[PDB]
Structures are given as C-alpha cells and as structure tokens.
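The structure appears right after this line, and notes come after that.
Neighbour counts run over all protein chains shown; Cβ positions are idealised from the backbone, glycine included. Just so you know, all these numbers are worked out from the coordinates, no wet-lab data involved.
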Ligand SMILES: Nc1nc(=O)c2ncn([C@@H]3O[C@@H]4COP(=O)(O)O[C@H]5[C@@H](O)[C@H](n6cnc7c(N)ncnc76)O[C@@H]5COP(=O)(O)O[C@@H]3[C@@H]4O)c2[nH]1
Ligand SMILES: Nc1nc(=O)c2ncn([C@@H]3O[C@@H]4COP(=O)(O)O[C@H]5[C@@H](O)[C@H](n6cnc7c(N)ncnc76)O[C@@H]5COP(=O)(O)O[C@@H]3[C@@H]4O)c2[nH]1
Ligand SMILES: [Zn+2]
Ligand SMILES: [Zn+2]
C-alpha cells in the first residue's frame, strides 16, 4: 500500500546519477548559448532564471531578459496573454521587433530561434539538433546526443506590479503566510512568447520553484527529523503516474496533451486545501498521495484546472484539451485508484 | 443424569491443550496483522478488543478503532443498524470513506479486507487463506493450516452514551447490580460493518458479554473459593455443545445451519436474569440448572422469539432471520433430546 509507494520512490532514486550526468551536459550547452547570445545587441543582458527536470532526460531552462518598463494590454479577455509595448518612446535595442508600439513575440522568437540554430552548427563538440515540440510553445527545444532534450525558453522580465488577472491567484495565505504572498508578489514576473502572433503570456515558474522548495507551513519543514513531510514525494509520485500512463497509451497517444505542469498545478491546489504540515506527515504517504489523486480526478471530470496564479485561466479548457482525452484519462486514473495502482507493480 | 453431563464436561477438558495451541497460532497471526494495519493512516489507532472461541476450531477476534465523536442515525426502524456520521464538519483519515456526511461501512470494510489479503500472500510462514463466511458478515475470515478459522472483525469504537435502542437492554439489575449496569453502560460500544444497504453498521457489545461471563455471580467472589462454585459456565458449555453436536448430526441437509453459539449465549444470559441468585446455580444442581437453560431455549424456538440481550426490540429468532421451518425443526430435536436424558451425550 503505502509501502508500495516507497518502493516506487526507491526505484526513482536509482536514476538520480543518470539524470545528473544528463544535466551536466545540459549546463555546458546552456552556458555556451548564454555567451553568444550576449554578443547580440538585442540579447545582451540576457541571463539564466532560477539563479530544470520535467521528466527523466527532459530539461527546462529559461532565459530572462531585462527589459525597460513595460506597458501591458490584455489580449481579448484571455487572462494570461498580453500585448507588449514600452512606456518611454530614447529608443532601445528591442525596436527591431516593434510593430507600431507592439513588441512582436514571433519576431523575437524567430531571431532567438535563429541565433541558437547558428550556434548549434559550428559546434563540433557534440550532436545537437533543433526540433519543434508543438505549435504554440514559447520554447526552443534541443536534442543533445539524441537522448536528452532541452526546452530553452526566452523570457522578458518585468519588475512592475503583477497584472490584475493575478489578483485572486496565489492563494497561499492559509498555507504559507499572507506575508509570504506579499513578499513573492514583489518579485518580477515574466512574459514568454507563447501566443494564443504578437502575444506574450505570464510565467511564474521562479515562484513555482520557490513554493516547492520552501513548501511548509513551518519554516523548518524538512530541515530536521521531526518535520519530514511528504509533499515532494507526492508530486514525484503524481508526475510518475502520469508518465507511466502516457507510455502505456503509447499506441494511440490518447494522453499526449497532458503534462507534468497540469500535475504540478493540481498539486499546488491540494497544498492550498491541506495547508498544515501535519497533513503531509510521511507516515500518511499513502493517504496524502490519495488526496492528490482524488483532486486531479475532480479536475478531469469537471474539466477545470485553474492556473495557480491566474484563476480564470483554465488549463483543462476544451480549447486546450479535447473532452475525449479528459474523459479517457479519468477512466484510467479512476481504475488505477480503485485497485491500489497496478501501474506501480513489481 | 448429572453424571452424564459431568462426563461431557470431562470429555471437553481433554481438548483443552489442543485448542490452546491453535489459539497460540491465531494470536501470532493477529499480532502480525495488527502491526501492518498500524502502518495505514486510516487504521493506525487500531487495537485488539478484550468470545475468543465460538467453536472447537473457530476463533473470533475483534479489532477496535478509535473514532472521533460519532453521530448516529438509526436506519429504518431496525434497532441495531445505524448510519455513522461525524460531528465535526479539520477531519480525520476516515474522510476517504465518506459519502456526503455518512461513513461508509462497505468502503471501509473493503480496504480492511484488501490490506489483510496483502499480508496473507507474501507470508511464507504458513498456508493462510482468505474466505468470505456468509452474506452480511462484518468479518474477514482466515483459514490457518487448513484446519483453523479466525473471524477478524473491524469495530469502530464510540465512547459516547449507548443509543436509545439499548435503554431497556442489559437487564442485569437483580443479578449483577443496578450499579454494575451503570458502570458497564459507561464503557464504550462498538459498530461493525455488518450491513442491513452497504453503508450501515450495527452495534456490538461483545466486550460486555465477556465481562458478565467472567464476572457472573451475584456474589463478587463467585467461583473464587471452594464454597462458591456455581455451574453457570458449565451450563453455557453444555448448551453450546448441544447445538454443535446436533448441527453435526444433521450434516446432511444442513437444517440447523442458521443457528449459532451466539443464540445459545444470548439465551443463557436471559436465563441468568431469570435466575439471579448463585444458589439457583449450585454445582450440585447441575442437571436441574442445565434443564432451565434447555427449556428456555425451547420456549424461544417455540415462541420464535429470542431478543438481543442489549437490544430487546431486536429479535434474533424472527422469521426475517431464521425461517419458521428451521425453528420448528430444532424444537423437535431438542424436545426429543430433553425428553430422553440427552442421547447425544451418550458414550
Ligand atoms: N518548456 C515550456 N515552458 C512553457 O512555459 C510552456 N508553455 C507551453 N509550453 C508547451 O508549448 C505547447 C503549447 O501548449 P500551451 O501553451 O497551449 O498549454 C500549456 C501551458 O498553457 C501550460 N504551461 C506549461 N508550462 C507553463 C508555465 N511555465 N506557466 C504557465 N503555464 C504553463 O500548460 C499547458 C501544457 O503544457 P505542456 O504540455 O507541458 O507543453 C506546452 C505545449 O507543448 C511550454 N513549454
Ligand atoms: N465474527 C462475527 N461477529 C459478528 O458480530 C457477526 N454478526 C454476524 N456475523 C455473521 O455474519 C452472518 C450474518 O448473520 P446475521 O447478522 O444475519 O445474524 C447473526 C447475528 O444477528 C447474531 N450475531 C452473531 N455475532 C454477533 C455479535 N458479536 N453481536 C450481535 N449479534 C451477533 O447472531 C446471528 C448468527 O450469527 P452467526 O451465524 O454466528 O454469524 C453471522 C452470519 O454468518 C458475525 N460474525
Ligand atoms: Zn516539508
Ligand atoms: Zn460462579
């Protein structure tokens, strides 16, 4: 039961050296790209975010870009996507991407993509290739040595206050404090050239890393033997549940629209519903994991999974995931839950 | 006469080491399960209650589970079955077995059973197997070494006042005192996932049944010295044994298979209420005391009425539970055995 989950966690720990070595490779590439990018006038002042691992051998890196004070205009009533313009009119090196007053996502995403392709080639160090993951992605993906993939995402940084669609987001007040929510909302936010064109959408993955690492009601959660909670183990288990299922439905790829981010997002909502560290005692691993699985289910059947930061933005909208894929994954997860997770067997 | 019953008690003493070893096996198994269960979030706080030996090779164990303050709602007008809900609306790990406000018996019984099934298999200690006894049973039954069976019953514990259906039950005042009944009624009561409707639980008072059996005299020192040896325990043994011997003689059509030692125990407690003095149970008067027990059991069969000692409006001999034929059949055999100095105790 709970002893089964621990066996899965032990199993996952085995490929910890294998995912570190892959990461060593990813770092070298990133740093190299980071230097050439600074030689471009538009991209000097580029840097690495978080000051990484979605799945085994799938890596995620963000390139922050310090940008002059930004005027945001909300596209349609999509609560996440925005037109970008400047609030100065002496002109700056991003003017080659302006169209009117609007900063072109796609034009900047196109040169960003171009510079990387340029650096890929003269590299005789290794075999790296460009590939496009899916339309829409603000990420440029690389394949390192035909086994490791890296999502490299361009990100504009805005130090001004978070937009109004985030007002009721980040409901961490009863879990982490109200004052932590204030401290976090003083931090920058990011805009990535994901269109849904000339649109950018909000990204808060730096806060995501932060609430994951600093995750307890107690400031000393997981800093001593008396406060070992199972939040991280539960997210590990959720991600792994999804990946196993995605592989078992490899024939017709019914589940290929779901990702670790849906899982991570739902896990954050569960932390909000269960704000006490006593609710994540490692002795209750089986039950805590069950709490995460039941909430993910309710999300699938209700077809509603709200962005943690942007509550009116539903990640499970029919516009993103078809109604059939959701009903299908509900059936699967329901079954696995009703039978003590056969996908975690042997 | 009285010597024939004594011979039977002596014969039964011969298999005292044989059932003690079997009980030793049962304990080891139960204690093993008790630890694995405490690793589960919903079942930590589980323990052993204390009734142990229903039959010569049938064992009965209860697993108590401390539960926060319990709201009961009586199902239909059944005086024994109840819905279980919490008076909390912070919630405890039984929250995964909820449906609305109601605590599901079947949902909790199914994880209990499922946890047990898991420990049984990887056990290389012996051949232990799962079996379901009968429809309705709140028990998970095990078979040890293909000879010994153990009823393991989950039981919620409530430290609140006994429900109203019990108000006229436990009529022990003239036998054990009015003050003993007050003491016992301050003790917890239990709910077992015996369903009527798979979300119901019914009441259990077997801990109280043990207490009045062991502590059974009007005199506090009954059976603590040579001057006070009563035959209460002996009469219940003979009664159980009578039922078991008969159930074996009708091995053919299984005519008596609705009856169990619990009816006999239930009926013996009524006879105690009727004979409250230790002098009505002198060991010299064994044949006569034993007759009192058999006539009353007959009257119950013939009147088709055997009320639960704790819940008087709950009739165990109702046509709803045992058919009218089976009762009339057992009345015949018992009438015959009583009329002929109990031939089933011969040789
Ligand atoms: N590496 C990377 N960083 C991103 O920010 C991101 N956003 C999208 N994608 C990938 O682009 C494609 C377009 O999907 P879309 O945007 O419509 O919905 C996305 C997106 O709205 C949301 N999502 C993913 N990452 C983030 C994120 N960091 N912040 C907010 N939302 C996100 O959850 C959906 C599923 O994402 P993925 O299935 O894991 O991959 C997507 C997809 O392949 C991303 N890939
Ligand atoms: N180990 C165990 N503990 C129980 O509480 C219990 N309750 C029922 N059963 C078994 O489930 C089945 C359903 O019988 P039912 O409920 O209709 O009538 C039962 C029930 O009304 C009552 N009875 C037996 N044990 C108890 C008990 N501990 N408390 C109250 N009543 C009981 O007398 C009848 C005959 O019981 P059994 O024929 O020996 O075993 C029963 C039966 O196999 C039990 N088995
Ligand atoms: Zn912690
Ligand atoms: Zn006595």
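Which value in Å is the Kirkwood Rh of the stretch A:211-345 over different Cα pairs?
After inverting the mean inverse Cα-Cα distance, the result is 15.5 Å.
Find how much the distance from residue B:248 to residue B:283 grows on full extension, using 0.36 nm per residue of separation minus their present alpha carbon separation; answer in nm with one decimal.
On the way: separation 35, 0.36 × 35 = 12.60 nm, distance 2.85 nm.
Gain on stretching residue B:248 to residue B:283: 9.7 nm.
Based on alpha-carbon centroids, what's the gap between the stretch A:158-195 and the stretch B:106-174 in Å, whole number please?
First find each Cα centre; the distance between them is then 53 Å.
If neighbour count is taken as other Cβ atoms inside 10 Å, put A:312, A:346 in order from fewest to most.
Lowest to highest Cβ neighbour count: A:346, A:312.
For the stretch B:187-241, what number results from the quotient of the Cα radius of gyration and 2.2 N^0.38 Å?
Output field value: 1.62.
Counting every Cα pair in chain A, what percent are over 35 Å apart?
26 percent
Give me the number: length gained by fully extending residue A:328 to residue A:228, i.e. 0.36 nm times residue separation minus the C-alpha to C-alpha distance, one decimal in nm. Intermediate results must be reported in sequence, preceding the final value.
Working: separation 100, 0.36 × 100 = 36.00 nm, distance 3.54 nm.
Separation in residues times 0.36 nm, less the Cα-Cα distance, equals 32.5 nm.
Order of A:53, B:148 from fewest to most other C-beta atoms within 10 Å?
A:53, B:148
Under Stokes-Einstein, with the Kirkwood radius over Cα pairs standing in for Rh, what whole-number D in µm²/s applies to the protein assembly as shown at 10 °C and 1.306 mPa s?
The estimated diffusion coefficient comes to 51 µm²/s.
Once you keep just the Cα pairs under 8 angstrom separated by 6 or more residues, what percentage relative contact order results for the stretch B:201-347?
Rounded, it is 22 percent for the stretch B:201-347.
Give the share of C-alpha pairs in each 5 angstrom bin for the stretch A:79-174, from 0 to the last occupied bin, in whole percents, shortest bins first.
2, 9, 17, 17, 16, 13, 11, 9, 5, 1, 0
Rg(Cα) of the stretch A:152-289 divided by 2.2 N^0.38 Å? Present the calculation step by step, with values, prior to reporting the outcome.
Numbers: Rg = 17.1 Å, N = 138, 2.2 N^0.38 = 14.3 Å.
In units of the globular-protein estimate, the stretch A:152-289 measures up at 1.20.
For the stretch A:1-48, report the translational diffusion coefficient in µm²/s to the nearest whole number, using Stokes-Einstein at 20 °C, 1.002 mPa s, and a Kirkwood Rh over Cα pairs.
Working: Rh = 13.5 Å.
Estimated via Stokes-Einstein, D reaches 159 µm²/s.
Based on alpha-carbon centroids, what's the gap between the stretch B:1-76 and the stretch B:276-347 in Å, whole number please?
25 Å
Rounded to the nearest 500, what is the protein assembly as shown's calculated 222 nm mean residue ellipticity when only DSSP H runs of at least 4 contribute -39500 (n - 2.57) each, over all residues?
Calculated mean residue ellipticity at 222 nm is -13000 deg cm²/dmol.
Cα centroid distance between the stretch A:235-266 and the stretch B:223-263, in Å?
So the separation of the two Cα centres works out to 61 Å.
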